[PDB]
Amino acid sequence: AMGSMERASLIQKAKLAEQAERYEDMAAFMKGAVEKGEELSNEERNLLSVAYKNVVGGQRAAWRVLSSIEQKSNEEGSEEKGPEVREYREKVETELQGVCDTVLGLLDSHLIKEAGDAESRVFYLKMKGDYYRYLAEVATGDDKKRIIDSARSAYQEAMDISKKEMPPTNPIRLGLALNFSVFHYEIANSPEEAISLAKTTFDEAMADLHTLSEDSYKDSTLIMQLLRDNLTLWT
Amino acid sequence: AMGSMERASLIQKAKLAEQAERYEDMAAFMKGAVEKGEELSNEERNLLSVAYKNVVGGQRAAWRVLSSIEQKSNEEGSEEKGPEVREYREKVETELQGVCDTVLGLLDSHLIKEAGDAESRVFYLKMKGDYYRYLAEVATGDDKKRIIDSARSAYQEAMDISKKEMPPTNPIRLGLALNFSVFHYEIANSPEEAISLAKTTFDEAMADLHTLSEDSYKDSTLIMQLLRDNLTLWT
Amino acid sequence: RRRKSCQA
Amino acid sequence: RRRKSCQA
Ligand SMILES: CN(CCS)C(=O)c1cccc(F)c1
Ligand SMILES: CN(CCS)C(=O)c1cccc(F)c1
Ligand SMILES: [Cl-]
Ligand SMILES: [Cl-]
Ligand SMILES: [Mg+2]
Ligand SMILES: [Mg+2]
Ligand SMILES: [Mg+2]
Ligand SMILES: [Mg+2]
Ligand SMILES: [Mg+2]
Ligand SMILES: [Mg+2]
């Protein structure tokens, strides 16, 4: 539906949609921009990420509300209210899965294969792990282990590149480690791995802060605080 | 699209959508419920109102953001950025107009004509004034005066009924007066009428509070405070 | 600072 | 009280 709009106009309108808090529109504009077939700049990658994270974030929050109601409905002593809670949870779940599949499809056709610089490749592989992780959050059936392993594999490739090619304070490296640590804690039932990763990431970043400008220091320490927040919650 | 779902299931799912902050879904469920052709109860009327007010409220807020950007773009000294701001403002405006037309269509087919009790009739006529008012907020062309007059006429019929049939503390009567006063201030360029209406409404409610239970007193005084908030802003 | 209308 | 992931 965006095929007739100029790439630059799609990017301009994505920024307007962000200012207006119209994240579904923002995501549709950025999908159109990706589908023009050119690589994305750093700024454009962050617009793509902001848009879809906000869309899926609303869906995930709604899914958790509905899942909790459904859980309470199946406790002993609960009155039978019919199929409606399950149906509506399933409706929201299917829409969420559709958004994840859309993002994964953009990554596979063809953002990842054309991404050669570490900053872009790690960014996209982190995104791939993230959207498999969101699929894992709602998965219950025969492919659940494979969904979890797909998240793990994408995160692991991103980590390997990030450790070789980026300083320990790089914000993409830090955000990747934050999210892989959450994956370990919440998805893979590996809280010790989650804690170890968060701590090592924090400590290695701390030791590299001395190399940074004031502005880079602000960027890196903001994400380090997110790691610390999780360590405080988990220990 | 809701024609195959039971009325009771639509209402149940509207309440679930509200809990999940999924207001577009909530509105679609309530539209389906209205289209079953039966009258709405008090609770169901309030679900319809909550759903569409949240949907249109997001659109209106986005429209104002985009309209402000567009205004700044046409000031002297602004760099020409092309048609994109106007196009995107128009896109959001058209979607907003569509939602207003949908609500007005439900009121006309056939909620208002079957509403005989004062509580329901005033509620629906207030709603009619509200959605014409939202159309007026974005109107610029040949029918703008007629849109404004349609809002005025609906509000005026609701006021006439409310004064004859409801006590001055009734929350629907109070909310109607609040909104008609905003209409006068913001749409009809009649700030004195807006202030007079808010003050008389507040004072007449104050004099009737002595007749109320604790719970009714809480309901009425909450809306009276909204009237006072506007009087403080406007004087 | 934005005037009130009937909401919630 | 909800754990943090990479957002904004
Ligand atoms: C501050 N911040 C977000 C919190 S991690 C980032 O820099 C960032 C954004 C997107 C992907 C990523 F790996 C990092
Ligand atoms: C508290 N409250 C909302 C603020 S006016 C109401 O009671 C109400 C809701 C919908 C329509 C109406 F006329 C009144
Ligand atoms: Cl459903
Ligand atoms: Cl547009
Ligand atoms: Mg072109
Ligand atoms: Mg390349
Ligand atoms: Mg490097
Ligand atoms: Mg039936
Ligand atoms: Mg009737
Ligand atoms: Mg009466």
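Letters A, B, ... are given to chains in the order of the sequence lines, protein chains preceding strands, and every chain is numbered from 1. The analysis underlying the following values was restricted to heavy atoms, covering all of them including side chains, and did not include hydrogens, waters or symmetry mates.
- Residues passing the ring-ring contact (aromatic ring centres under 6.0 Å, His included) test with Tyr134(A), sequence neighbours excluded: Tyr131(A).
- Note on residues 181-191 of chain B: pairs passing side chain to side chain donor-acceptor pair (under 3.5 Å), not counting sequence neighbours, are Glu186(B)-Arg3(C).
- Distance check, rounded to the nearest 0.5 Å: CE of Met224(A) to CG of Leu178(A) gives 12.5 Å.
- Salt-bridge check for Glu165(B) with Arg121(B): failed, with every basic side-chain N at 4.0 Å or more from each acidic carboxylate O.
- Nearest heavy-atom pair, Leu125(B) versus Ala158(B), reported as atom, atom and distance to 0.1 Å: CB-CB, 3.7 Å.
- Across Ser162(B) and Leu176(B), no two heavy atoms sit closer than the pair OG-CD2, 3.9 Å.
- Scanning for side-chain hydrogen bond (donor to acceptor under 3.5 Å, both in side chains) contacts around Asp130(B) gives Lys53(B), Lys126(B), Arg133(B), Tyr155(B), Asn179(B), with sequence neighbours left out.
- A donor-acceptor distance shorter than 3.5 angstrom exists from the side chain of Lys144(B) to the backbone of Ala136(B), with no hydrogens or angles considered.
- Partners of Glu90(B) under the side-chain contact (heavy atoms from CB on, under 4.5 Å) rule, at least two apart in sequence or in another chain, are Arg86(B).
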*List the steps, then state whether side-chain contact (heavy atoms from CB on, under 4.5 Å) holds for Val122(B) with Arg173(B).*
CA-CA 8 Å; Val122(B) 172; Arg173(B) 180 165 167 182; 6.0 Å; no
_Please evaluate residues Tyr124(B) and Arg45(B) with respect to the criterion side-chain contact (heavy atoms from CB on, under 4.5 Å), reporting the C-alpha separation (whole Å), side-chain torsions for both, the decisive distance (0.1 Å), and the verdict._
CA-CA 9 Å; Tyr124(B) 292 136; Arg45(B) 293 192 296 273; 3.3 Å; yes
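- To the nearest 0.5 Å, the span separating CZ on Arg89(B) from CD1 on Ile69(B) amounts to 12.0 Å.
- Without hydrogens or angle criteria, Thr221(A) side chain to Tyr217(A) main chain gives a donor-acceptor distance under 3.5 Å.
- Side-chain atoms of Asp149(B) never come within 3.5 Å of backbone atoms of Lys145(B) as a donor-acceptor pair (strictly under, hydrogens ignored).
- In this structure, the side chain of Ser73(A) engages the main chain of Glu70(A) through a donor-acceptor pair within 3.5 Å.
- Put simply, the side chain of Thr232(B) gets close to the backbone of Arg228(B): a donor and an acceptor are under 3.5 Å apart.
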*Apply the test side-chain contact (heavy atoms from CB on, under 4.5 Å) to residues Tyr52(A) and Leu106(A): give CA-CA distance (whole Å), side-chain angles for both, the deciding distance (0.1 Å), then the verdict.*
CA-CA 12 Å; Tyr52(A) 278 109; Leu106(A) 297 170; 4.3 Å; yes
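- The side-chain hydrogen bond (donor to acceptor under 3.5 Å, both in side chains) search around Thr102(A) returns none, not counting sequence neighbours.
- Summarising the geometry of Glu44(B) relative to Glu39(B), their closest heavy-atom pair is OE1-O, 4.1 Å, with the distance given to 0.1 Å.
- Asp203(B) pairs by the side-chain hydrogen bond (donor to acceptor under 3.5 Å, both in side chains) definition with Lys199(B), not counting sequence neighbours.
- Using a 4.5 Å cut-off on side-chain heavy atoms (C-beta onward), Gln7(C) and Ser5(C) make contact.
- To the nearest 0.5 Å, atoms CG (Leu212(B)) and OG1 (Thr169(B)) are separated by 4.5 Å.
- Using a 3.5 Å distance cut-off with no hydrogens or angles, the side chains of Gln225(A) and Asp229(A) do pair a donor with an acceptor.
- Taking every heavy atom of both residues into account, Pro168(B) and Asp208(B) meet most closely at CD-OD2, 3.7 Å.
- Residue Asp219(B) holds its CG atom at 7.0 Å from CG of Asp215(B), rounded to the nearest 0.5 Å.
- For the pair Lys163(B)/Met159(B), no side-chain contact is recorded, criterion being any heavy-atom separation below 4.5 Å from C-beta on.
- Contact detail for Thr201(B) and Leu197(B): the closest heavy-atom pair is OG1-O, 2.7 Å.
- Between the side chains of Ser150(B) and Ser153(B), no donor-acceptor pair of N or O atoms lies under 3.5 Å.
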For residues 22-30 of chain B, please give each side-chain donor-acceptor pair under 3.5 Å, one per line with the distance, not counting sequence neighbours.
| from | atom 1 | to | atom 2 | distance (Å) |
| --- | --- | --- | --- | --- |
| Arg22(B) | NE | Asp25(B) | OD2 | 3.0 |
| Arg22(B) | NH2 | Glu95(A) | OE1 | 2.8 |
| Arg22(B) | NH2 | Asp25(B) | OD2 | 2.9 |
| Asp25(B) | OD2 | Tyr88(A) | OH | 2.7 |

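- Seen from the ring of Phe183(B), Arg152(B) does not count as a face-on cation partner, given the 6.0 Å and 45° thresholds.
- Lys4(D) contributes no side-chain N or O that, together with a main-chain N or O of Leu227(A), makes up a donor-acceptor pair within less than 3.5 Å.
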*List the steps and the verdict of side-chain contact (heavy atoms from CB on, under 4.5 Å) for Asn46(A) and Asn42(A).*
CA-CA 6 Å; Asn46(A) 282 277; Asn42(A) 180 260; 3.7 Å; yes
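- Under the 4.5 Å side-chain criterion, counting only non-hydrogen atoms from C-beta, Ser220(A) is in contact with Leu174(A).
- The structure places NZ of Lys36(B) at 10.5 Å from CD1 of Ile11(B), a figure rounded to the nearest 0.5 Å.
- Not one N or O on the side chain of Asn170(B) forms a donor-acceptor pair closer than 3.5 Å with the backbone of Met166(B).
- In this structure, the side-chain contact (heavy atoms from CB on, under 4.5 Å) partners of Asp101(A), at least two apart in sequence or on a different chain, are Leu135(A).
- Scanning all heavy atoms of the two residues, the minimum distance from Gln59(B) to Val92(B) falls at O-CG1, 3.8 Å.
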Under 3.5 Å, sequence neighbours excluded: what are the donor-acceptor pairs made by side chains of residues 13-20 of chain B?
| from | atom 1 | to | atom 2 | distance (Å) |
| --- | --- | --- | --- | --- |
| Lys13(B) | NZ | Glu87(A) | OE1 | 2.7 |
| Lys15(B) | NZ | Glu43(B) | OE2 | 3.4 |

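- Applying the side-chain contact (heavy atoms from CB on, under 4.5 Å) rule to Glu38(B) yields the partners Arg7(B); only residues at least two apart in sequence or on another chain are considered.
- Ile195(B) meets the side-chain contact (heavy atoms from CB on, under 4.5 Å) test with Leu231(B), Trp234(B), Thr235(B); sequence neighbours excluded.
- With rounding to the nearest 0.5 angstrom, the CG atom of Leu107(B) is 9.5 Å from the OH atom of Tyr132(B).
- Checked against salt bridge (charged side-chain N to carboxylate O under 4.0 Å, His left out), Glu6(B) has no partners two or more places apart in sequence or in another chain.
- A side-chain donor-acceptor contact under 3.5 Å links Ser120(B) to the backbone of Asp117(B).
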